[PDB]
Amino acid sequence: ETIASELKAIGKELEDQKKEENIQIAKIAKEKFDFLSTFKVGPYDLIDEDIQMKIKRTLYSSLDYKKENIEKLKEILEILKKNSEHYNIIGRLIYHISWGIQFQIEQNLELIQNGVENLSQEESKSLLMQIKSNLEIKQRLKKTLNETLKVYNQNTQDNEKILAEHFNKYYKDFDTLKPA
Amino acid sequence: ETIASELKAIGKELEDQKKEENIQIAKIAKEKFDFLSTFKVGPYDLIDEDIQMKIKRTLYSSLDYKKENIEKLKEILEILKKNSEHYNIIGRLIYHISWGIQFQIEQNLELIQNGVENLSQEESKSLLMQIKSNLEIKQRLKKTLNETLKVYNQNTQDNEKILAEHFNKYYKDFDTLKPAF
């Protein structure tokens, strides 16, 4: 092909990405909006730095490292955390998906670091396609977080409208209050 | 007389509300959920401790000094502060009403501390009825804020429902995600 030349290149591409995000992520904990650093889905959950790293990677990346959107994500997660019934679905986003993706990427990166020559032709073929599926997932996710955010923003907007009109109704003066 | 006897008692009355709230408010001060202590309606607004005291009095009172409802009020005010257009209507609640009420209360308390005997019969009557209107309003406000907390609570609820539903739809798995294109 060479598939082993492709593979090695596709591995340098994502090992660069990793270095870019490593920096971008470093700055966010510098500027102090790295909520994921402390984030636990439940009360007494243990937090592993390496598992969180992976999660930051995908979540901060999809959000384009923007502070406004990372704050907005934090608020969404915080809202859902209130009800133990939402613990599971949050984990699916935070772990199964956000960590899960980085985990697959790391195994892929490893198979390449181990030597593409030590791979059967058909193994090299799966690795390549597998990598590409992971890259595609990242994008699917990015497009879903975009919607997640457009839904949250709308909601926030509606709440503002409602709240403001309630104030400009019962709060014009004393006369506009609650008769007993 | 003897509206004098009435006034005097309606005064030790609201002077009691003051010592109780003074304590209740004091607690909230070290329990560090007293946002009114640092709350400005606008960017570079000056904060007077005495004017804030009055506001805490009515605001924290109407919220039976419940730490949670006080947090909820803080969030409502914070949300509206974002748009400059809402500066006025916030002030009407915070100042004209919340401070305004305590201010009238203090003048009333003073007329009594000054001596009810130094008051005409006409004056004595108006004072009494005026006090009662203040004590009436103090309730209107309490009941209104509660409705306000309901409006906020409802909204919060709706947002939870919407968000969860969205989450369950898209985050169930990799396959539930939106298309890449």
# chains A, B, ... in the order shown; residues from 1 in each chain; ligands from 1
>>> closest_atom_pairs(of="chain A", to="chain B", cutoff="7 Å", atoms="only C-alpha atoms", output="tab-separated table")
residue	atom	partner	partner_atom	distance
A:79	CA	B:160	CA	6.5
A:80	CA	B:160	CA	6.3
A:89	CA	B:168	CA	6.2
A:92	CA	B:171	CA	6.2
A:93	CA	B:171	CA	5.6
A:97	CA	B:174	CA	6.8
A:136	CA	B:180	CA	6.5
A:139	CA	B:180	CA	5.6
A:140	CA	B:180	CA	4.5
A:141	CA	B:177	CA	6.2
A:143	CA	B:178	CA	6.4
A:144	CA	B:178	CA	5.6
A:155	CA	B:159	CA	6.3
A:159	CA	B:155	CA	6.1
A:160	CA	B:80	CA	6.8
A:164	CA	B:80	CA	6.8
A:167	CA	B:89	CA	6.9
A:168	CA	B:89	CA	6.4
A:171	CA	B:93	CA	5.8
A:172	CA	B:92	CA	6.6
A:173	CA	B:92	CA	6.9
A:174	CA	B:97	CA	6.7
A:177	CA	B:140	CA	5.8
A:178	CA	B:140	CA	4.3
A:179	CA	B:140	CA	6.0
A:180	CA	B:140	CA	6.9
>>> write_last_selection(atoms="C-alpha atoms", output="mmCIF file, in the first residue's frame")
data_model
loop_
_atom_site.group_PDB
_atom_site.id
_atom_site.type_symbol
_atom_site.label_atom_id
_atom_site.label_comp_id
_atom_site.auth_asym_id
_atom_site.auth_seq_id
_atom_site.Cartn_x
_atom_site.Cartn_y
_atom_site.Cartn_z
ATOM 1 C CA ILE A 79 -28.385 20.110 36.842
ATOM 2 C CA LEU A 80 -28.748 16.391 35.964
ATOM 3 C CA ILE A 89 -27.013 8.478 31.489
ATOM 4 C CA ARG A 92 -22.613 6.946 29.563
ATOM 5 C CA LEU A 93 -21.503 10.379 28.285
ATOM 6 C CA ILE A 97 -18.167 7.560 25.504
ATOM 7 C CA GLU A 136 -15.583 9.602 13.080
ATOM 8 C CA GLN A 139 -16.969 14.067 15.226
ATOM 9 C CA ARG A 140 -20.411 12.557 15.902
ATOM 10 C CA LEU A 141 -19.841 13.536 19.521
ATOM 11 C CA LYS A 143 -21.964 17.458 16.657
ATOM 12 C CA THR A 144 -24.041 16.157 19.561
ATOM 13 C CA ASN A 155 -33.810 26.687 27.838
ATOM 14 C CA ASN A 159 -36.176 30.837 31.751
ATOM 15 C CA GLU A 160 -34.846 34.382 31.442
ATOM 16 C CA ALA A 164 -38.206 38.720 33.745
ATOM 17 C CA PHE A 167 -40.754 40.285 37.967
ATOM 18 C CA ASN A 168 -42.267 42.975 35.688
ATOM 19 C CA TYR A 171 -42.598 43.828 41.322
ATOM 20 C CA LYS A 172 -43.567 47.111 39.607
ATOM 21 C CA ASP A 173 -44.532 48.392 43.039
ATOM 22 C CA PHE A 174 -46.241 47.590 46.285
ATOM 23 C CA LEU A 177 -48.003 42.357 44.932
ATOM 24 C CA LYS A 178 -49.831 39.501 46.678
ATOM 25 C CA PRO A 179 -53.271 40.335 48.128
ATOM 26 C CA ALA A 180 -54.264 38.290 51.203
#
>>> atom_distance(atom1="CA of residue 40 in chain A", atom2="CA of residue 28 in chain A")
18.5 Å
>>> atom_distance(atom1="CA of residue 70 in chain B", atom2="CA of residue 30 in chain B")
14.6 Å
>>> select_by_dssp(residues="range 38-163 of chain A", states="alpha helix (DSSP H)", output="compact mmCIF listing (two decimals) with N, CA, C and O atoms, in the first residue's frame")
# COMPACT_ATOMS: atom_id res chain seq x y z
N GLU A 49 -6.83 10.47 37.96
CA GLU A 49 -6.33 11.54 37.09
C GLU A 49 -6.22 11.14 35.62
O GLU A 49 -6.33 11.99 34.72
N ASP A 50 -5.94 9.86 35.39
CA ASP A 50 -5.70 9.35 34.05
C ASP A 50 -6.98 9.13 33.30
O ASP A 50 -7.06 9.36 32.10
N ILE A 51 -8.01 8.72 34.03
CA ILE A 51 -9.33 8.53 33.49
C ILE A 51 -9.96 9.89 33.23
O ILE A 51 -10.62 10.08 32.22
N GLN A 52 -9.69 10.84 34.11
CA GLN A 52 -10.21 12.20 33.93
C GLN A 52 -9.54 12.89 32.74
O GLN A 52 -10.18 13.64 31.98
N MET A 53 -8.24 12.66 32.61
CA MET A 53 -7.47 13.23 31.50
C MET A 53 -8.14 12.90 30.18
O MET A 53 -8.44 13.78 29.36
N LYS A 54 -8.37 11.61 29.98
CA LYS A 54 -9.05 11.14 28.79
C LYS A 54 -10.39 11.87 28.59
O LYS A 54 -10.69 12.33 27.49
N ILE A 55 -11.17 12.01 29.67
CA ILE A 55 -12.46 12.68 29.60
C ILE A 55 -12.34 14.17 29.24
O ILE A 55 -13.08 14.68 28.38
N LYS A 56 -11.38 14.85 29.88
CA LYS A 56 -11.08 16.25 29.55
C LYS A 56 -10.76 16.35 28.06
O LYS A 56 -11.31 17.19 27.35
N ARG A 57 -9.86 15.46 27.62
CA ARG A 57 -9.43 15.38 26.22
C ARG A 57 -10.61 15.48 25.30
O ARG A 57 -10.62 16.31 24.38
N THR A 58 -11.54 14.55 25.42
CA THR A 58 -12.66 14.56 24.49
C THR A 58 -13.68 15.65 24.73
O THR A 58 -14.06 16.34 23.79
N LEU A 59 -14.04 15.90 25.99
CA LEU A 59 -14.98 16.97 26.29
C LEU A 59 -14.48 18.38 25.99
O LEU A 59 -15.15 19.11 25.27
N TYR A 60 -13.28 18.75 26.46
CA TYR A 60 -12.73 20.08 26.13
C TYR A 60 -12.46 20.27 24.64
O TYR A 60 -12.62 21.36 24.10
N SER A 61 -12.07 19.20 23.97
CA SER A 61 -11.82 19.21 22.52
C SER A 61 -13.08 19.51 21.75
O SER A 61 -13.07 20.35 20.85
N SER A 62 -14.13 18.72 22.01
CA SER A 62 -15.40 18.89 21.32
C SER A 62 -15.91 20.31 21.53
O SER A 62 -16.67 20.84 20.70
N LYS A 67 -14.08 28.52 27.02
CA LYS A 67 -14.48 28.63 28.44
C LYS A 67 -15.98 28.74 28.64
O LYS A 67 -16.56 28.09 29.53
N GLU A 68 -16.61 29.58 27.82
CA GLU A 68 -18.05 29.76 27.86
C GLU A 68 -18.78 28.42 27.70
O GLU A 68 -19.69 28.11 28.48
N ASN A 69 -18.32 27.59 26.77
CA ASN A 69 -19.00 26.32 26.51
C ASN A 69 -18.65 25.26 27.53
O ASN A 69 -19.49 24.43 27.87
N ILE A 70 -17.44 25.32 28.06
CA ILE A 70 -17.04 24.40 29.10
C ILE A 70 -17.82 24.70 30.39
O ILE A 70 -18.22 23.79 31.12
N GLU A 71 -18.09 25.99 30.64
CA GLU A 71 -18.87 26.39 31.82
C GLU A 71 -20.29 25.90 31.64
O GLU A 71 -20.87 25.29 32.55
N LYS A 72 -20.82 26.11 30.44
CA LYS A 72 -22.15 25.66 30.08
C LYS A 72 -22.33 24.13 30.23
O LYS A 72 -23.38 23.67 30.70
N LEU A 73 -21.30 23.36 29.89
CA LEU A 73 -21.35 21.90 30.05
C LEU A 73 -21.43 21.57 31.52
O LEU A 73 -22.21 20.71 31.95
N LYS A 74 -20.59 22.25 32.30
CA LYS A 74 -20.56 22.05 33.75
C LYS A 74 -21.95 22.23 34.36
O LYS A 74 -22.40 21.40 35.16
N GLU A 75 -22.65 23.29 33.95
CA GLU A 75 -23.99 23.59 34.45
C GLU A 75 -25.01 22.51 34.08
O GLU A 75 -25.92 22.21 34.88
N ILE A 76 -24.89 21.96 32.86
CA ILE A 76 -25.80 20.90 32.40
C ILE A 76 -25.61 19.68 33.25
O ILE A 76 -26.56 19.11 33.75
N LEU A 77 -24.35 19.26 33.41
CA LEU A 77 -24.03 18.10 34.23
C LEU A 77 -24.51 18.30 35.67
O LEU A 77 -25.14 17.43 36.26
N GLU A 78 -24.24 19.48 36.21
CA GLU A 78 -24.66 19.82 37.57
C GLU A 78 -26.17 19.70 37.77
O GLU A 78 -26.63 19.13 38.77
N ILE A 79 -26.93 20.21 36.81
CA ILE A 79 -28.38 20.11 36.84
C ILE A 79 -28.86 18.65 36.91
O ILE A 79 -29.70 18.30 37.74
N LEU A 80 -28.33 17.80 36.02
CA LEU A 80 -28.75 16.39 35.96
C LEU A 80 -28.30 15.56 37.17
O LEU A 80 -28.93 14.57 37.51
N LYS A 81 -27.19 15.96 37.78
CA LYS A 81 -26.63 15.28 38.96
C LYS A 81 -27.61 15.30 40.13
O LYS A 81 -27.54 14.44 41.02
N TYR A 87 -27.89 9.60 37.02
CA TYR A 87 -26.51 9.17 37.24
C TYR A 87 -26.00 8.29 36.10
O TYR A 87 -24.86 8.44 35.65
N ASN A 88 -26.84 7.36 35.66
CA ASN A 88 -26.45 6.41 34.63
C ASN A 88 -26.16 7.06 33.29
O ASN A 88 -25.10 6.83 32.70
N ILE A 89 -27.12 7.83 32.80
CA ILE A 89 -27.01 8.48 31.49
C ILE A 89 -25.86 9.49 31.44
O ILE A 89 -25.24 9.68 30.39
N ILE A 90 -25.51 10.06 32.59
CA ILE A 90 -24.36 10.97 32.68
C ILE A 90 -23.08 10.17 32.51
O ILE A 90 -22.13 10.61 31.86
N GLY A 91 -23.04 9.01 33.14
CA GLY A 91 -21.89 8.14 33.07
C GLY A 91 -21.67 7.68 31.66
O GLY A 91 -20.55 7.65 31.18
N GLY A 100 -14.21 6.23 27.00
CA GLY A 100 -14.21 5.07 26.12
C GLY A 100 -13.50 5.34 24.81
O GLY A 100 -12.77 4.51 24.30
N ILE A 101 -13.72 6.52 24.26
CA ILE A 101 -13.12 6.90 22.99
C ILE A 101 -11.59 7.02 23.10
O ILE A 101 -10.84 6.55 22.24
N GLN A 102 -11.13 7.68 24.15
CA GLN A 102 -9.72 7.88 24.35
C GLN A 102 -9.03 6.56 24.63
O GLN A 102 -7.88 6.33 24.24
N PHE A 103 -9.73 5.70 25.37
CA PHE A 103 -9.22 4.38 25.70
C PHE A 103 -8.94 3.57 24.42
O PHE A 103 -7.85 3.00 24.29
N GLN A 104 -9.88 3.57 23.47
CA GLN A 104 -9.69 2.88 22.16
C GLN A 104 -8.56 3.51 21.41
O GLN A 104 -7.70 2.84 20.89
N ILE A 105 -8.53 4.83 21.36
CA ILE A 105 -7.42 5.54 20.74
C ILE A 105 -6.06 5.12 21.31
O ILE A 105 -5.07 5.01 20.55
N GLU A 106 -5.97 4.93 22.64
CA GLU A 106 -4.69 4.59 23.26
C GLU A 106 -4.24 3.18 22.91
O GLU A 106 -3.08 2.93 22.63
N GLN A 107 -5.19 2.26 22.85
CA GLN A 107 -4.85 0.92 22.41
C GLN A 107 -4.37 0.97 20.94
O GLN A 107 -3.40 0.30 20.58
N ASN A 108 -5.06 1.75 20.11
CA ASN A 108 -4.67 1.87 18.70
C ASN A 108 -3.26 2.42 18.60
O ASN A 108 -2.43 1.89 17.90
N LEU A 109 -3.01 3.52 19.30
CA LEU A 109 -1.70 4.15 19.35
C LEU A 109 -0.64 3.13 19.79
O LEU A 109 0.50 3.19 19.36
N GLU A 110 -1.01 2.23 20.70
CA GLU A 110 -0.08 1.24 21.21
C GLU A 110 0.28 0.21 20.14
O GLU A 110 1.45 -0.12 19.96
N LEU A 111 -0.73 -0.34 19.46
CA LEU A 111 -0.49 -1.33 18.43
C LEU A 111 0.51 -0.82 17.41
O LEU A 111 1.22 -1.61 16.79
N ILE A 112 0.52 0.49 17.22
CA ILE A 112 1.43 1.13 16.26
C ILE A 112 2.79 1.31 16.90
O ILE A 112 3.81 1.01 16.30
N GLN A 113 2.82 1.77 18.14
CA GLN A 113 4.08 1.92 18.86
C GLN A 113 4.77 0.57 19.03
O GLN A 113 5.99 0.48 19.07
N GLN A 121 -1.44 -8.74 7.80
CA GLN A 121 -1.95 -7.76 6.84
C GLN A 121 -3.39 -7.38 7.19
O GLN A 121 -3.75 -6.20 7.24
N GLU A 122 -4.18 -8.41 7.52
CA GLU A 122 -5.59 -8.26 7.89
C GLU A 122 -5.79 -7.59 9.27
O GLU A 122 -6.88 -7.08 9.58
N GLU A 123 -4.74 -7.60 10.08
CA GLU A 123 -4.76 -6.96 11.39
C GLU A 123 -4.49 -5.49 11.19
O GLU A 123 -5.03 -4.64 11.90
N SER A 124 -3.62 -5.20 10.24
CA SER A 124 -3.26 -3.83 9.91
C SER A 124 -4.47 -3.16 9.28
O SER A 124 -4.71 -1.98 9.49
N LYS A 125 -5.24 -3.94 8.52
CA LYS A 125 -6.43 -3.46 7.84
C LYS A 125 -7.52 -3.06 8.81
O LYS A 125 -8.20 -2.05 8.57
N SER A 126 -7.72 -3.87 9.85
CA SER A 126 -8.70 -3.60 10.92
C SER A 126 -8.28 -2.42 11.76
O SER A 126 -9.09 -1.56 12.06
N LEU A 127 -7.01 -2.38 12.13
CA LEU A 127 -6.49 -1.29 12.91
C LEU A 127 -6.79 0.01 12.20
O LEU A 127 -7.36 0.91 12.78
N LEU A 128 -6.41 0.10 10.94
CA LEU A 128 -6.62 1.33 10.16
C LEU A 128 -8.09 1.76 10.15
O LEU A 128 -8.41 2.92 10.44
N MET A 129 -8.97 0.84 9.81
CA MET A 129 -10.38 1.14 9.73
C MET A 129 -10.95 1.47 11.11
O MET A 129 -11.73 2.39 11.27
N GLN A 130 -10.48 0.75 12.12
CA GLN A 130 -10.89 0.97 13.50
C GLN A 130 -10.55 2.39 13.96
O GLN A 130 -11.35 3.05 14.62
N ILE A 131 -9.32 2.82 13.65
CA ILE A 131 -8.89 4.17 13.95
C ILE A 131 -9.83 5.17 13.31
O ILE A 131 -10.28 6.12 13.95
N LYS A 132 -10.09 4.97 12.04
CA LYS A 132 -10.96 5.87 11.30
C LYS A 132 -12.37 5.95 11.91
O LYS A 132 -12.98 7.02 11.89
N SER A 133 -12.87 4.83 12.45
CA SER A 133 -14.19 4.85 13.11
C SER A 133 -14.12 5.70 14.38
O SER A 133 -15.04 6.46 14.66
N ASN A 134 -13.01 5.59 15.10
CA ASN A 134 -12.84 6.40 16.30
C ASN A 134 -12.81 7.88 15.95
O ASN A 134 -13.46 8.70 16.61
N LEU A 135 -12.08 8.23 14.89
CA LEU A 135 -12.03 9.60 14.46
C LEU A 135 -13.41 10.12 14.11
O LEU A 135 -13.76 11.26 14.44
N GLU A 136 -14.20 9.28 13.44
CA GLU A 136 -15.58 9.60 13.08
C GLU A 136 -16.47 9.78 14.30
O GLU A 136 -17.35 10.61 14.31
N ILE A 137 -16.32 8.90 15.29
CA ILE A 137 -17.10 9.02 16.52
C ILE A 137 -16.88 10.38 17.16
O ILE A 137 -17.84 11.07 17.46
N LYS A 138 -15.61 10.75 17.37
CA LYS A 138 -15.23 12.08 17.89
C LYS A 138 -16.04 13.16 17.21
O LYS A 138 -16.50 14.10 17.84
N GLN A 139 -16.18 13.06 15.92
CA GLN A 139 -16.97 14.07 15.23
C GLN A 139 -18.47 13.97 15.55
O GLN A 139 -19.14 15.00 15.71
N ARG A 140 -19.01 12.75 15.56
CA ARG A 140 -20.41 12.56 15.90
C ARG A 140 -20.65 13.23 17.25
O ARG A 140 -21.64 13.94 17.45
N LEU A 141 -19.74 12.97 18.19
CA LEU A 141 -19.84 13.54 19.52
C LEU A 141 -19.79 15.04 19.49
O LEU A 141 -20.59 15.69 20.11
N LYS A 142 -18.82 15.59 18.77
CA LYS A 142 -18.72 17.03 18.66
C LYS A 142 -20.06 17.64 18.16
O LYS A 142 -20.56 18.64 18.71
N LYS A 143 -20.70 16.98 17.21
CA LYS A 143 -21.96 17.46 16.66
C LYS A 143 -23.14 17.29 17.60
O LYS A 143 -24.21 17.89 17.39
N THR A 144 -22.99 16.42 18.59
CA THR A 144 -24.04 16.16 19.56
C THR A 144 -23.91 17.16 20.71
O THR A 144 -24.89 17.70 21.20
N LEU A 145 -22.68 17.47 21.09
CA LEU A 145 -22.43 18.46 22.12
C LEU A 145 -22.89 19.82 21.60
O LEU A 145 -23.55 20.56 22.30
N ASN A 146 -22.67 20.09 20.33
CA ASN A 146 -23.21 21.30 19.73
C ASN A 146 -24.75 21.45 19.98
O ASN A 146 -25.22 22.51 20.39
N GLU A 147 -25.51 20.37 19.72
CA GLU A 147 -26.96 20.33 19.95
C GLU A 147 -27.28 20.42 21.48
O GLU A 147 -28.16 21.18 21.92
N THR A 148 -26.59 19.61 22.28
CA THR A 148 -26.75 19.63 23.69
C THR A 148 -26.69 21.05 24.14
O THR A 148 -27.59 21.52 24.83
N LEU A 149 -25.74 21.80 23.59
CA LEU A 149 -25.57 23.21 23.94
C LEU A 149 -26.62 24.12 23.36
O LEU A 149 -27.03 25.05 24.00
N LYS A 150 -27.13 23.82 22.19
CA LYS A 150 -28.18 24.69 21.62
C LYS A 150 -29.54 24.52 22.37
O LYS A 150 -30.28 25.46 22.57
N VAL A 151 -29.72 23.35 22.94
CA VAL A 151 -30.88 23.02 23.73
C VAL A 151 -30.80 23.69 25.10
O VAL A 151 -31.73 24.33 25.55
N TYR A 152 -29.63 23.62 25.71
CA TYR A 152 -29.41 24.27 26.99
C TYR A 152 -29.55 25.79 26.86
O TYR A 152 -30.17 26.43 27.69
N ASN A 153 -28.90 26.37 25.86
CA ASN A 153 -28.98 27.82 25.64
C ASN A 153 -30.43 28.27 25.49
O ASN A 153 -30.86 29.20 26.17
N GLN A 154 -31.18 27.60 24.61
CA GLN A 154 -32.59 27.91 24.43
C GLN A 154 -33.33 27.92 25.76
O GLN A 154 -34.10 28.84 26.05
N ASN A 155 -33.15 26.85 26.53
CA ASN A 155 -33.81 26.69 27.84
C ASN A 155 -33.49 27.85 28.74
O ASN A 155 -34.37 28.50 29.26
N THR A 156 -32.21 28.12 28.88
CA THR A 156 -31.74 29.26 29.64
C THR A 156 -32.46 30.55 29.22
O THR A 156 -32.85 31.36 30.05
N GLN A 157 -32.63 30.72 27.91
CA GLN A 157 -33.28 31.89 27.33
C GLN A 157 -34.71 31.96 27.75
O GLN A 157 -35.18 33.01 28.17
N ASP A 158 -35.42 30.86 27.60
CA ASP A 158 -36.82 30.77 27.99
C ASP A 158 -37.00 31.11 29.48
O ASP A 158 -37.90 31.86 29.84
N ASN A 159 -36.14 30.56 30.32
CA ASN A 159 -36.18 30.84 31.75
C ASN A 159 -35.96 32.34 32.02
O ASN A 159 -36.60 32.93 32.86
N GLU A 160 -35.07 32.96 31.26
CA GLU A 160 -34.85 34.38 31.44
C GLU A 160 -36.14 35.16 31.09
O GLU A 160 -36.63 35.99 31.86
N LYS A 161 -36.71 34.84 29.95
CA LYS A 161 -37.93 35.50 29.51
C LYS A 161 -39.02 35.37 30.58
O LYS A 161 -39.63 36.34 31.00
N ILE A 162 -39.25 34.14 31.03
CA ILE A 162 -40.28 33.86 32.01
C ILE A 162 -40.05 34.61 33.33
O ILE A 162 -40.96 35.25 33.86
N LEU A 163 -38.83 34.53 33.83
CA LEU A 163 -38.45 35.18 35.07
C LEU A 163 -38.61 36.70 34.99
O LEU A 163 -39.07 37.34 35.93
